[PDB]
Each structure stands twice: as C-alpha cells, then as structure tokens.
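A.B. asks: If you scroll down you'll find the structure; I have some questions about it.
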Amino acid sequence: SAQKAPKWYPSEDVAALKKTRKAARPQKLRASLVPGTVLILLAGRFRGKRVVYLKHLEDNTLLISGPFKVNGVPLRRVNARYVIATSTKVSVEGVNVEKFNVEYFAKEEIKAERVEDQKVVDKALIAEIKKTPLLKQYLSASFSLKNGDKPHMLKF
Amino acid sequence: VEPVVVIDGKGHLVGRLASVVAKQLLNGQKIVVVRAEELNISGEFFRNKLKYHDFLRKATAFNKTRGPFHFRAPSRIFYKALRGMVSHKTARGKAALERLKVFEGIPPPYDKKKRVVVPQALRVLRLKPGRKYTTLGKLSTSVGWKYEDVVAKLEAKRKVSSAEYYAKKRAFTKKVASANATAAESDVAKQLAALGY
Amino acid sequence: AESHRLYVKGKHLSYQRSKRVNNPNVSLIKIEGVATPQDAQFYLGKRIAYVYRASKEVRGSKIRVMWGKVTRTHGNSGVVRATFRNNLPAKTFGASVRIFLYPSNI
Amino acid sequence: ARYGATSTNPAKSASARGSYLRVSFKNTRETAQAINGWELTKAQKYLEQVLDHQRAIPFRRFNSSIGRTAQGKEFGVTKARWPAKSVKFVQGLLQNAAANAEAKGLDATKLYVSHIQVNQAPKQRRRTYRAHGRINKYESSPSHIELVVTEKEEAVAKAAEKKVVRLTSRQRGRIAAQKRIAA
Amino acid sequence: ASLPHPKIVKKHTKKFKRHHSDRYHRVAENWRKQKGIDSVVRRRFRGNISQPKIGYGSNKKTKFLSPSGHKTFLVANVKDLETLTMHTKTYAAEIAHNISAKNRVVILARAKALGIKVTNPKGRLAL
RNA sequence: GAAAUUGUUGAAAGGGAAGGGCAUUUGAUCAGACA
RNA sequence: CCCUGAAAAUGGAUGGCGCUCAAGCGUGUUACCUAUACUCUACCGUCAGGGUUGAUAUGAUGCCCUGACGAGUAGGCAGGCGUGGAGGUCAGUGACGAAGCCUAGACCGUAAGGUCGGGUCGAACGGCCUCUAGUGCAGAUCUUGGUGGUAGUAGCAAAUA
RNA sequence: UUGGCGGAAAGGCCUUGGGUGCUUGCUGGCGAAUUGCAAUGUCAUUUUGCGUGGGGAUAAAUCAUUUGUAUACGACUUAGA
C-alpha cells in the first residue's frame, strides 16, 4: 500500500427525499373533444383511420373504437395529442360506456369477453350512424395529406 | 413546392430571374431554364455590349488560357450570373449547379412539358415603361455566337409541330362543355355548389 | 387511395448563423406553402423527422430517423426554427423533411 | 526466419531469403512488385523475357527523371526499364523456392508468388572526390530479398454471419400482419 | 453494484492535443501552455484550439467516478482489498498490473466472498 | 532493440497542398450499465 | 441628382455576382437576423463575509450557509504534476514474469500526468511521510550520432581505338 | 397489334382493333382487434456480382520484327501467314 488511503470515507447512507410539492390534478382537455365526436388518429397501427370518441378514461386516455363493423377499429386507448378532433357529431344517445376503465386494459391471441363488448357497443353506434348521410362511408375511408394541402389552412 | 420546374426565361431579367434560381437551388429544387436567347436586361442595348466588352479583356496575361473564359451563348451567360451567386467553390455548390440546366429554345424533354414564369422577374413588371432594355438575343450575337438563327428556326417550328396541339385541345375541352350542361343541372350538381364547387 | 402521407412536406435550409459563424444545434424550415409567421405559428411544437438510408441494416431495417421539433418563427417567412435529439448533418442542406401533425391541438 | 506479414497457410507453402544482396534496392523493389501475385512458372518465363528487350519491368515508385517505352504499354505506364542485375537475384531465389516447395510435396503447376518483399539493407560506405578537396558518401543501397511461393487455392466458399436479430414488440406484431395476410 | 448520484456530465470529453503535436514527430501530444508572442493559441484567436482552463472542472459530486459511479482504487494484494469492505457502492478496486497470475485469482476471489466490483477482471486471465 | 526512415499486407481518402477547430452522419472499434 | 471637365502602364474589382417606379440616391415607418455584451439557471474556480467542539464516525487546516467576481505580454506570488538518489515506512509488487518498449483498447484528472487491458521482454522495482539534487526541451546557423527528400537523378565525355 | 406522326438531346406522343381484369356509377354481406396510448414502422429507384434457363454473334489491339513522308525517348507513319 501502490496506493495509500483517505482519512475521509463518505457516507453509505442514501437519502430521505425532500417532502414534495407536486399534486396530480385532472387533465383539462382541449374543447373540441366531446363524446359523440369523429376523430382522426394521427399515428399508430391505425394512422388516418377516422374513429369515434366514446369515453374519457382516468390515465387523461381516450376510449375509442370505430365501429368494428365498418373499419378494424376495436375498443382501444388513444392519446389526446395523437388525434385530430373534427367538428362531426354522432349522438352517444344510448351508449353503456360505464363498464369501461384502466383495469379493462390490464398486458397482464384474443380474450370472448372483449369480443362481446364490441358487438353490443357497435350496435348502438351503427343504428346512431345509419341516422346521417354517407357517414358510414366517411368512417370507413382513411384520411390524407393531398397535393396543395395546407393544414395550418384545412379547418378540421 | 415539386421535383422539377421548367421556367421559360423570355421576358425575364438575367439578373433577377437570375437569383431566385439560385436561390431555389440551394434548397433542392432542380430547375431548368429554357428558352433564353430572349432573356433581357435593364439598359439600352448600345452599353451592355460595353459591359460585355470588358468581362472580355480581363484575361491572364501570361496565358490567355487558363484564364477567365468568356462564354457567348445566351445560356452560358444567364448561367454565369447565376452562378456567381452560388458558392461553388465548395460541394454544396456544386451539388447545386447540377440541379440546374439551361438552353436557348425549348428543345425536347421540355417542349412537351409545362413551363412557368417568375413574375418578380418579368420586364414587364419592373420596369417602368419608357426605360430601354436588351435581349440576350442580340447580345450573344454580337460577341460572337454562331448560333442564333439555327434557333430561331427551330422556334418557328415547335411554335407549331405546337399551336396545332392547341387548336386541338381546344376543340376538345369545348366538348366537354356542350356535353357537360346536359348532365349537371342534375342533382349532383346543385349540392355541390353549396359546398362550393 | 394512392396517397397516405399525416406529414407536411418540407426542407433543411441551414444552421442559426451569422455571416461567418454557425450553430449546428439550431436548424432552419422551408414548410412547403407556409409564407408568413402566422401561416408558421400553427407548426410551433409539431415534430420533425430527418428520415433517411444506411446500407448496413441494423435493429431490422435498411431505414433511420432523427427526432425534431419545430420551437419558433425564424424573420418574415414561416422559415422556422428546429432543435433536433441529434444535430441535422449540413450534408442535409436541401434534403426533404417530415413536419408531422402530432403534439396536436385541433 | 520470421518473415514479413504473411497471410496464407504455411502447410501449402515454401519460402526464401537472399540477404546484405548488393543489388540495388530501388531496382529490385520494382522487379519484385512486377512479379507479385504470379503463377510461378510464368513468372520465370517473364523474367528470362526481360533479361533480353523483350518485355519490361514497369517502374512505378522509384521512377523519376527514369526515361520512356513502347514496353509500357501491356502495364498502363510510360516509364520502364530492364534491371538485369535485379532479376539475374529475384530469379535465383524463385529457383531456390520451387526447389524448396518440390521437398515439401507441392504441385509445381499451381505454385504462385504470394508474398514478396525487399528491404533497405545495410549501407556499403565508400568515398568520392569533389572539387576543392571535399570528400563525399559513395554508398552501395544493398537489398534484403524474400518470397513466399504457394500452392494456389479454390475460392475459399463463404461462411460467417449469426446475424442475431434484436427487434421490437411493435416490430413483431408488423411482421406477424404480414404472414397472416399473404406470406 | 449505485449510490443515486446526479448525472455524470464531463464537460470536455476530447483530449486537450498540444499545439503542433500532428505537424511534428518532435512535439509530443502531451499538453503545453504556449508562451509565444506571435502565438494564435496563446492570443486565443477564433477558428483554433481550446486551451485547458479551470472552467472545464468536473461537479465536485461526480469527480473521480467509472461512469458505474464508483471511484477506483489500487489493490496490490488481498490486506489492501480490506479497506473497501464497507463502501462497495462508492468505491471499487483495480488490481495492479505488476500482479503474478496466482495472486490475482486470490484477490478476484477475495472480492466476491465481500460484493466488491473490480474494473479489470480480465486480469491476465488464462483464456 | 525505441524514433526518424524504409518494405509488404490490410482498411480508407484524393479536380493546384496537407494537417487543425465546433457539430453531426456513416463505416470500423470498445466501456459500463441493467439483474 | 445626372452629365462634361476626368490621362498610366499584367486582367479586375460598390467585397463578388449582378442591380435601373433599384438591389442607386435623400428620407420616414415597422418587422426581422445576430457577439465570448445584457437577463435568468446549472457547473468550475478564486475572493469576501459568515454558522458550526456536545460527546460519540470517518478531515477543525474539517463539515456547511450566503454573496460577488473570472482577458492578459513583461512581471510577480500561490497550489500542484513528473525525474535521479537519500532517511523512514507498507513484514508492498516480482522469474506463477520486475524494468523497459509497442499498442486510432479502456478509465481518472481543467491540466501537468496518473492507472489499467493486450503484445513484447527477462531481473529487479513501486506507493505513502520526508530529505536532497548535475531535476522536465522544439527551437541556441546549439553538441554528438543516425536518417531522409532531393534520386536511380547529376553525372561517370581531355590524352586518335 | 393495326396504322401514323417526331431528330434541337428524336428514345417519346397519338390512334384503330380485339384479348382480359378491377370498377367507389348505385345497393349489400362477411373480415380487420393483442403492432397492446406514439415511435419512418420499412411497399422508391442506383450500379454491380453469382448460378439456373429463352434467342443470337463467332474479334481485335499491344509487344517483338519492320518502313522513314516521323523521331531526344515515348508518339507518328507504314510493312508483314
């Protein structure tokens, strides 16, 4: 003793953390998003797939499905900020909704519990869908940025 | 805003049309000026030929070669002054100069194909009326450009093998008009002009 | 359809630079179309991605990305500024550029 | 022993040192490079054609203010000479090795030169008379010769990699759509 | 196996070469505050090298830390090893280069009976 | 058995020098971290 | 404001291209770009003020809290880094490989420099407290020794062969 | 596949007569999920190499030798079953 040795040998204590002041509050969304809206999913497996906003979850998430009969769009979580909320509006008068939460999507192929909930929810949507015109079609078709397209304009 | 871009020099202003195309460039905008022999410039014909006159004497003493080459050929010219504004002597340069072609008269792979203008660089909106101006056409001649009349023949041509493209694109589009009012009062066409259209 | 694109087309012009000293950290955006500082205001915050192609495949792809975003109006034109995780590479002055539409607000 | 950086199987190989050779280094460089990569039996026929202004040793590195020829033309070069003394050595070793290859029991139609190197060997001091009683040097550059003659072989084959795949959960469940759909 | 420190920021990762080093074969890359009256590096002009100065030190917290976050320590023999015993999260070991192979595996072994990480366990491995 | 300085080999670059700085990209190469 | 007046020697210079209801001249309005400057925060250092002996964990020349400052030739001071040998110490490393040398392998320090992976090698040598010096090199048309590009070049041609 | 146009870099443009798909012109019915809340989520077009398989063709040049309309040497110019 290549090397000597210090006098000071640090502490091996690990600290506690300071009492802190950050309370989690409830997300205030942008105002366009009302249950009954078509969205446009800007990313993911379904980038561009026009979809229907059903419920606001607690994890801030959006519970949406297209009508699975339409368009391939199951009941699914989706993030506010990867989504364009448009004008159009179904009514979403008749949908259960209240069974859906954060525990329902717990990655704890397919489930038939989840398959049945798709049919029930869709039959109430499809009904308020067949109200308007060509809407069934607008939900099927994928949205896109054509030639001379200007989002900025393009009032969604 | 496209992959290519076919400008027609005519009614231009070397000078200005000049830039824009160098700017562009440095921003990935393959461009292809044509026609040119019909460029244009501020100033009474005379000059410029005076102007020209110099960038001519400027040589290299000791070997007239290896020195500043004085092209004649409208093309080349435009070029140059284009150029001057694109830092060549680097790579980004060059990678610039490629993007740009140039011919006097619209040859083929363009006579097709559409072309455009560059307003902000049109005589006819820069100048004030009364001021004399040029025509790279003459200029080039005059400082020796064997070929102006061989262009000016292949012009007489294609101003036709065009027109007769025309009086044919136009007797078409017109029937489409006398066969486009039969079907439109149709149902489809009133909802339409409510959304617009 | 034939179109898929649910990005805005647009180009890598520059470094911020003074007449003779440049700053690789900031980059400049030619959003194809956008002509004013307003038109740019829309694309602050929206993400970017110089995509390109290496020869030797990683990671399972031939294709790579650098994740912008757009951060402010640059002067009159709705050129805009545009930190990226990594600084764009210069060879890129004139390369195509995917402004996206997320961190959305519509 | 201990040659230069070889790069071949010594079991199918034969080697040979001259060494402290008094033949010029800048010249021998040039003959050795000219023969390098050869089929041994051709090489010797090539060097015999040289002597003999039939065909030349093309000077590449140590070639300045050499004069030119039509012999070229063959090697994409203007500047080339016939350095007998260099060759004589180089074919005095090529002789050495094809006998050194025959006590290992190598096929003489394959051998080929694989690695041949020449070096500045140490000088040979001498002196000269310059104007005004000035003595200069007047040094003979000598050479360390050495060629590794070898049985040629074929291709390799390839073999590597094992291109291990480390990719994502997002990436799996794209590939999945793929063979589920089509294949 | 760390003590939850900050981030280890280094400042100037690159070596500080000496002006000229490249150009000369005589002038080492070892650093040399230039004293030249003409010098471009002294008068720091743009557009040359930076010279080393304070400035660049590295946070007192993370000084002398591998990246792991341990400070290394020279261990010639096994007595030596037995001062680190307590401070496994803060310190580490590095066996000296001028150890026999038989006395390495011993230290190696003695390491792990007590949790301690060494930064050259490769050493001189008969492999 | 050092360097200058040479010779194979291997990798790379090169339109009137080379080299150096900040910055990324690609190519080669490597540390630790994860439990 | 234009013009004449207005003539110098390589080719050529509002920096260049080029520019003509300007990209000229005069003036006015905004927006905009950008220095190591200014504002804010982090980190380094120095300097100034402060707080902390209660034993009892590790340094009281220690551990903290607050602030303001940081360009430098000549020049002064300070804290370090390294080298030869000397007293002390670690019952230190070592033929199971010390010293040296090569290493676009790693780690540490702002740095001087340290440590280590691999190869080479064959007999001695490091940390630490301290003493001591013939102690640190790029330059002196420095010394001594070596070796280049020049360059397979100049050239080896007087005295009949 | 019929017939035409075009040479300024044509290397493209138009047109007949068929063979056959898809047709969102209007109406339907199945499938799409777990790519787990985004990660370009890879579908372009560069040039080259190695073999299977459908048609085609079956040469020069350089050295050495030689000439002197040529020539410092290379180059040039001729000659040669």
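Residues are named by chain letter and number: chains run A, B, ... in the order of the structure tokens, numbers start at 1 in each chain, and ligands are numbered from 1 in the order shown.
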Taking only chain A into account, list the residues labelled alpha helix (DSSP H) by DSSP (computed from the backbone), as a PyMOL selection string.
C.D. replies: chain A and resi 113-119+122-126+135-140
A.B. asks: Only residues of chain G matter here; which ones have an atom within 9 Å of chain E, counting only C-alpha atoms (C1' of nucleotides)? Give them as a list in words.
C.D. replies: residues 43, 44, 45, 73, 92, 93, 94, 96, 97, 98, 107, 108, 109, 110, 111, 112, 113, 115, 116, 117 and 138 of chain G
A.B. asks: Residues near segment 20-31 of chain A, anyone? I mean within 12 Å using only C-alpha atoms (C1' of nucleotides), not counting same-chain ones fewer than 3 positions away, as a compact mmCIF listing (two decimals) with N, CA, C and O atoms, in the first residue's frame.
C.D. replies:
```txt
# COMPACT_ATOMS: atom_id res chain seq x y z
N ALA A 16 -33.53 10.84 3.39
CA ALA A 16 -34.66 10.57 2.51
C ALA A 16 -34.88 11.72 1.52
O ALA A 16 -34.21 12.76 1.59
N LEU A 17 -35.83 11.53 0.63
CA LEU A 17 -36.16 12.53 -0.38
C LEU A 17 -36.93 13.66 0.29
O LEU A 17 -37.68 13.41 1.23
N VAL A 34 -65.75 16.27 -27.56
CA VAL A 34 -67.00 15.90 -26.88
C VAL A 34 -67.39 14.48 -27.28
O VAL A 34 -67.39 14.16 -28.47
N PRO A 35 -67.72 13.63 -26.29
CA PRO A 35 -68.18 12.29 -26.64
C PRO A 35 -69.30 12.34 -27.67
O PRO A 35 -70.29 13.06 -27.47
N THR A 37 -68.04 12.72 -30.90
CA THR A 37 -67.15 13.08 -31.99
C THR A 37 -66.53 11.80 -32.56
O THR A 37 -65.33 11.54 -32.44
N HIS A 56 -63.82 9.35 -21.83
CA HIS A 56 -62.58 9.85 -21.28
C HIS A 56 -62.23 8.98 -20.07
O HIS A 56 -63.02 8.86 -19.13
N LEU A 57 -61.06 8.36 -20.11
CA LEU A 57 -60.60 7.49 -19.02
C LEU A 57 -59.83 8.32 -17.99
O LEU A 57 -59.80 9.55 -18.09
N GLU A 58 -59.21 7.66 -17.01
CA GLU A 58 -58.51 8.37 -15.94
C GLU A 58 -56.99 8.46 -16.10
O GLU A 58 -56.36 9.34 -15.51
N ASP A 59 -56.40 7.56 -16.89
CA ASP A 59 -54.93 7.52 -17.04
C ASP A 59 -54.41 8.59 -18.00
O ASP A 59 -54.93 8.78 -19.09
N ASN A 60 -56.73 10.60 -18.55
CA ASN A 60 -56.22 11.72 -19.33
C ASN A 60 -56.53 11.57 -20.82
O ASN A 60 -55.63 11.37 -21.64
N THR A 61 -56.19 8.98 -20.94
CA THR A 61 -56.64 8.34 -22.18
C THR A 61 -57.99 8.61 -22.86
O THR A 61 -58.94 9.06 -22.21
N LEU A 62 -58.06 8.35 -24.17
CA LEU A 62 -59.34 8.35 -24.89
C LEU A 62 -59.75 6.92 -25.21
O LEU A 62 -59.01 6.17 -25.85
N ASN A 79 -54.19 8.41 -27.26
CA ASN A 79 -53.73 9.65 -26.62
C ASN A 79 -54.27 10.90 -27.29
O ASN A 79 -54.19 11.05 -28.52
N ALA A 80 -54.78 11.81 -26.47
CA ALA A 80 -55.32 13.07 -26.95
C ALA A 80 -54.45 13.65 -28.06
O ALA A 80 -54.94 13.92 -29.16
N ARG A 81 -53.16 13.80 -27.78
CA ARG A 81 -52.29 14.58 -28.65
C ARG A 81 -51.83 13.87 -29.92
O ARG A 81 -51.06 14.44 -30.69
N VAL A 83 -54.19 12.87 -32.17
CA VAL A 83 -55.59 12.80 -32.59
C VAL A 83 -56.11 14.18 -32.99
O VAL A 83 -55.96 15.15 -32.25
N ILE A 84 -56.72 14.27 -34.17
CA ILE A 84 -57.41 15.49 -34.58
C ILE A 84 -58.89 15.35 -34.33
O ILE A 84 -59.56 14.53 -34.97
N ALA A 85 -59.41 16.15 -33.41
CA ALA A 85 -60.84 16.22 -33.17
C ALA A 85 -61.46 17.12 -34.23
O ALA A 85 -61.09 18.28 -34.37
N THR A 86 -62.41 16.57 -34.99
CA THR A 86 -63.08 17.31 -36.06
C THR A 86 -64.29 18.06 -35.49
O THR A 86 -64.36 18.32 -34.28
N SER A 87 -65.23 18.44 -36.35
CA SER A 87 -66.46 19.10 -35.94
C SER A 87 -67.33 18.17 -35.09
O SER A 87 -68.55 18.34 -35.00
N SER C 104 -50.68 17.39 -31.10
CA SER C 104 -51.79 18.07 -31.78
C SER C 104 -52.56 19.01 -30.87
O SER C 104 -52.51 18.92 -29.65
N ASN C 105 -53.28 19.93 -31.51
CA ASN C 105 -54.13 20.87 -30.80
C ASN C 105 -55.25 21.33 -31.71
O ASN C 105 -55.42 22.53 -31.97
N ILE C 106 -56.01 20.36 -32.22
CA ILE C 106 -57.17 20.63 -33.06
C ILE C 106 -58.30 19.68 -32.69
O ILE C 106 -59.21 20.04 -31.95
```
A.B. asks: With chain F as the partner and 10 Å as the cut-off, tabulate the residues of chain E that qualify, each row holding the nearest pair of atoms and their distance in Å to one decimal, using only C-alpha atoms (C1' of nucleotides), sorted by chain and rising number, as a Markdown table.
C.D. replies:
```
| residue | atom | partner | partner_atom | distance |
| --- | --- | --- | --- | --- |
| E:1 | CA | F:33 | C1' | 10.0 |
| E:19 | CA | F:20 | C1' | 9.2 |
| E:20 | CA | F:20 | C1' | 8.9 |
| E:22 | CA | F:19 | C1' | 6.7 |
| E:23 | CA | F:19 | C1' | 6.8 |
| E:25 | CA | F:4 | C1' | 8.4 |
| E:26 | CA | F:3 | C1' | 9.5 |
| E:46 | CA | F:21 | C1' | 8.6 |
| E:47 | CA | F:21 | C1' | 5.7 |
| E:48 | CA | F:21 | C1' | 5.4 |
| E:49 | CA | F:21 | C1' | 5.9 |
| E:50 | CA | F:21 | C1' | 8.3 |
| E:66 | CA | F:32 | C1' | 7.8 |
| E:67 | CA | F:32 | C1' | 6.7 |
| E:68 | CA | F:32 | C1' | 6.1 |
| E:69 | CA | F:32 | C1' | 9.6 |
| E:119 | CA | F:32 | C1' | 9.8 |
```
A.B. asks: Residues of chain G within 6 Å of chain A, using only C-alpha atoms (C1' of nucleotides), as a list in words?
C.D. replies: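 Therefore, the residues near the partner are residues 58, 59, 90, 92, 127 and 128 of chain G.
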A.B. asks: Pull N, CA, C and O atoms (P, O5', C5', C4', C3', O3' and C1' of nucleotides) from the residues just selected and write them as a PDB file, in the first residue's frame.
C.D. replies:
```pdb
ATOM      1  P     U G  58     -16.021  11.631  13.353  1.00  0.00           P
ATOM      2  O5'   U G  58     -15.502  10.400  12.487  1.00  0.00           O
ATOM      3  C5'   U G  58     -14.169   9.871  12.632  1.00  0.00           C
ATOM      4  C4'   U G  58     -13.738   9.199  11.349  1.00  0.00           C
ATOM      5  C3'   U G  58     -13.232  10.137  10.250  1.00  0.00           C
ATOM      6  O3'   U G  58     -11.830  10.332  10.403  1.00  0.00           O
ATOM      7  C1'   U G  58     -14.749   8.526   9.375  1.00  0.00           C
ATOM      8  P     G G  59     -11.260  11.673  11.073  1.00  0.00           P
ATOM      9  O5'   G G  59     -10.641  12.444   9.824  1.00  0.00           O
ATOM     10  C5'   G G  59      -9.434  13.216   9.947  1.00  0.00           C
ATOM     11  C4'   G G  59      -9.601  14.554   9.272  1.00  0.00           C
ATOM     12  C3'   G G  59     -10.437  15.581  10.015  1.00  0.00           C
ATOM     13  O3'   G G  59      -9.769  16.163  11.134  1.00  0.00           O
ATOM     14  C1'   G G  59     -10.947  15.638   7.698  1.00  0.00           C
ATOM     15  P     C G  90       5.687  -0.806   8.532  1.00  0.00           P
ATOM     16  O5'   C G  90       4.803  -1.001   7.223  1.00  0.00           O
ATOM     17  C5'   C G  90       3.452  -0.502   7.169  1.00  0.00           C
ATOM     18  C4'   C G  90       2.847  -0.750   5.807  1.00  0.00           C
ATOM     19  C3'   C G  90       2.941  -2.179   5.289  1.00  0.00           C
ATOM     20  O3'   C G  90       1.811  -2.915   5.754  1.00  0.00           O
ATOM     21  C1'   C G  90       3.545  -0.597   3.575  1.00  0.00           C
ATOM     22  P     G G  92       5.992  -7.412   2.707  1.00  0.00           P
ATOM     23  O5'   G G  92       5.170  -6.597   1.614  1.00  0.00           O
ATOM     24  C5'   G G  92       3.838  -6.104   1.882  1.00  0.00           C
ATOM     25  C4'   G G  92       3.336  -5.294   0.709  1.00  0.00           C
ATOM     26  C3'   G G  92       3.668  -5.857  -0.667  1.00  0.00           C
ATOM     27  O3'   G G  92       2.687  -6.819  -1.059  1.00  0.00           O
ATOM     28  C1'   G G  92       4.368  -3.603  -0.567  1.00  0.00           C
ATOM     29  P     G G 127       6.028   5.788  -7.091  1.00  0.00           P
ATOM     30  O5'   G G 127       4.945   5.599  -5.937  1.00  0.00           O
ATOM     31  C5'   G G 127       3.539   5.752  -6.212  1.00  0.00           C
ATOM     32  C4'   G G 127       2.705   4.877  -5.299  1.00  0.00           C
ATOM     33  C3'   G G 127       1.966   5.607  -4.176  1.00  0.00           C
ATOM     34  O3'   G G 127       0.658   6.170  -4.299  1.00  0.00           O
ATOM     35  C1'   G G 127       3.247   3.817  -3.279  1.00  0.00           C
ATOM     36  P     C G 128       2.862   8.602  -3.943  1.00  0.00           P
ATOM     37  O5'   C G 128       2.687   8.438  -2.368  1.00  0.00           O
ATOM     38  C5'   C G 128       1.377   8.464  -1.776  1.00  0.00           C
ATOM     39  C4'   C G 128       1.447   8.258  -0.280  1.00  0.00           C
ATOM     40  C3'   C G 128       2.334   9.215   0.508  1.00  0.00           C
ATOM     41  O3'   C G 128       1.658  10.432   0.834  1.00  0.00           O
ATOM     42  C1'   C G 128       2.828   6.998   1.139  1.00  0.00           C
TER      43        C G 128
END
```
A.B. asks: Identify all chain D residues at most 10 Å from chain A by counting only C-alpha atoms; ligands do not count. Present them as a list in words.
C.D. replies: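 For chain D, the answer reads residues 170, 173 and 174 of chain D.
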A.B. asks: Hey, can you spit out that residue selection with C-alpha atoms as a compact mmCIF listing (two decimals), in the first residue's frame?
C.D. replies:
```txt
# COMPACT_ATOMS: atom_id res chain seq x y z
CA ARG D 170 -44.09 -3.11 -32.33
CA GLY D 173 -46.76 -7.66 -34.29
CA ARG D 174 -45.67 -5.60 -38.01
```
